[PDB]
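Step one of this worksheet: look at the structure below.
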Amino acid sequence: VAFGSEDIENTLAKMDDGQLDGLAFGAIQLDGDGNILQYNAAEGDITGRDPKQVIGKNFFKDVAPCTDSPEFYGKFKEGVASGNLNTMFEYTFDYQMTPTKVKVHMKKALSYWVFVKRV
Ligand SMILES: *C(=O)/C=C/c1ccc(O)cc1
């Protein structure tokens, strides 16, 4: 599955942990409050977070404070509310990691996905 695929949520709906860990891009699944449900190996490779220990933490409050902004969190919340989350933008991740430019794709699951790749 490619980053930004039109039907990416269909493909990932079928996937187990190892399968998610085999993706070419970082993949995070959040509930509507931003708590982390899933977090793959590729994401940990970008961020330095241990995927096994971030599960259950709040993405916006505790893991990724730099994403607590209108440009990221605000877009998440709008898409949770509208029921149509499917949005793509550039961002920089810089909390407890080397500042790293990424592309982000947020999309509602068949739970909400946050997909990340380096740029
Ligand atoms: C800004 O603080 C971003 C941090 C971050 C982004 C994504 C991750 O998976 C974890 C940390």
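Sequence positions, counted from 1, serve as the residue numbers for this chain. Indexing begins at 1, ligand by ligand and atom by atom, following the structure's order. Because only heavy atoms are used, hydrogens play no part in the values below, and waters and symmetry mates are left out as well, while side chains stay in.
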Ligand 1: which protein N/O atoms lie under 3.5 Å from its N/O atoms?
from	atom 1	to	atom 2	distance (Å)
ligand 1	2 (O)	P65	N	3.4
ligand 1	2 (O)	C66	N	2.8
ligand 1	9 (O)	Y39	OH	2.5
ligand 1	9 (O)	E43	OE2	2.5

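In this structure, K77 places its NZ atom where only 12 or fewer heavy-atom neighbours from other residues, nucleotides or ligands lie under 6.0 Å away.
Between the side chains of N40 and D21, no donor N or O sits under 3.5 Å from an acceptor N or O.
Note: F89 and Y91 have perpendicular aromatic rings, judged against thresholds of 30 and 60 degrees for the angle between ring planes. A tilted orientation is assigned to the rings of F59 and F72, their planes being inclined by 30° to 60°. Below 30°, between 30° and 60°, or above 60°: for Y73 and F60 the angle between ring planes is below 30°, a parallel geometry.
Evaluation of the salt bridge (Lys or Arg N to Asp or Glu O under 4.0 Å) rule for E90 yields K103 as partners, not counting sequence neighbours.
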